[PDB]
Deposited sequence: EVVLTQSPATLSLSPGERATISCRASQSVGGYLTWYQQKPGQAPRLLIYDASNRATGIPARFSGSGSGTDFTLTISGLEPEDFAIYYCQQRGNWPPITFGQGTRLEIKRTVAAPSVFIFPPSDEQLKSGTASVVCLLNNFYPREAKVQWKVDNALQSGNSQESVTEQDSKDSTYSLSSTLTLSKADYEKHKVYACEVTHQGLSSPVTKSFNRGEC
């Protein structure tokens, strides 16, 4: 199968700038390369086919170029509606029809460290499981990590995280991580800490509480 590799994985730009997205194939596919745009909760939309031909209604600011194994999607004068995910697809050697892994074009803004909040389990939930929540609010860029520690023991495999889509107004993201323990284990320990790693923070920030503190 033809492996399609897009680069970069994510592009951070602002309105008015030029976006350059690459798509490289493991083997030659001539000019049989298509580009799609996909917005969350929406199906992909045909942009360019045959490497450089724009589909009906697609504005001239979108231009495709390349041949063989190297292709490029260039978006000049970026507009708000251009921020989405882009995929390349080849029809030079198939089946199977193959797609690139996608490139995320997001809005660039200046770094904003996350405001960190931590929530102990509710009395109501305590009445057989305990969930501890850590909130990383309105930060940028998107990359952020949360590490859980119980009585200073690094936690593994017992937490799940989720991230919001980039805010349309302030261009920030928010992340929430939940540590789930059995009530027995929760009553078993005292210190619960959420360690946050984000580039807006020169060093990791730790947010914690003792069982029964709040």
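Gaps between the deposited sequence and the modelled structure occur only at positions 128.
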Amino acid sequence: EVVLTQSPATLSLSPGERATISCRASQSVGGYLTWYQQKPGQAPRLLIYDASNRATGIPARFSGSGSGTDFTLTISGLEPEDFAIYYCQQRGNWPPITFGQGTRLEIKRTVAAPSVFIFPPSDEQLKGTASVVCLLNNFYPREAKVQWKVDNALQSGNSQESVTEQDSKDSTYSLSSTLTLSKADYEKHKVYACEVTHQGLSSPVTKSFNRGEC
From here on, numbers count along this sequence of modelled residues.
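Look at the mean CA B-factor for 163-171 and for 184-192 in the entry; the higher one is 184-192. The mean C-alpha temperature factor is higher for 147-155 when 36-44 and 147-155 are set side by side. Highest C-alpha temperature factor among 91, 127, 104, 109, as the PDB entry reports it: 127. Per the deposited record, the Cα B-factor of residue 13 falls in the middle third when ranked against the other modelled residues of its chain. When the modelled residues of the chain are ordered by C-alpha B-factor, residue 2 sits in the middle third. Ranked by Cα temperature factor within the chain, residue 56 sits in the highest third according to the deposited record. Ranked within its chain, residue 77 lands in the highest third, by CA B factor from the PDB record.
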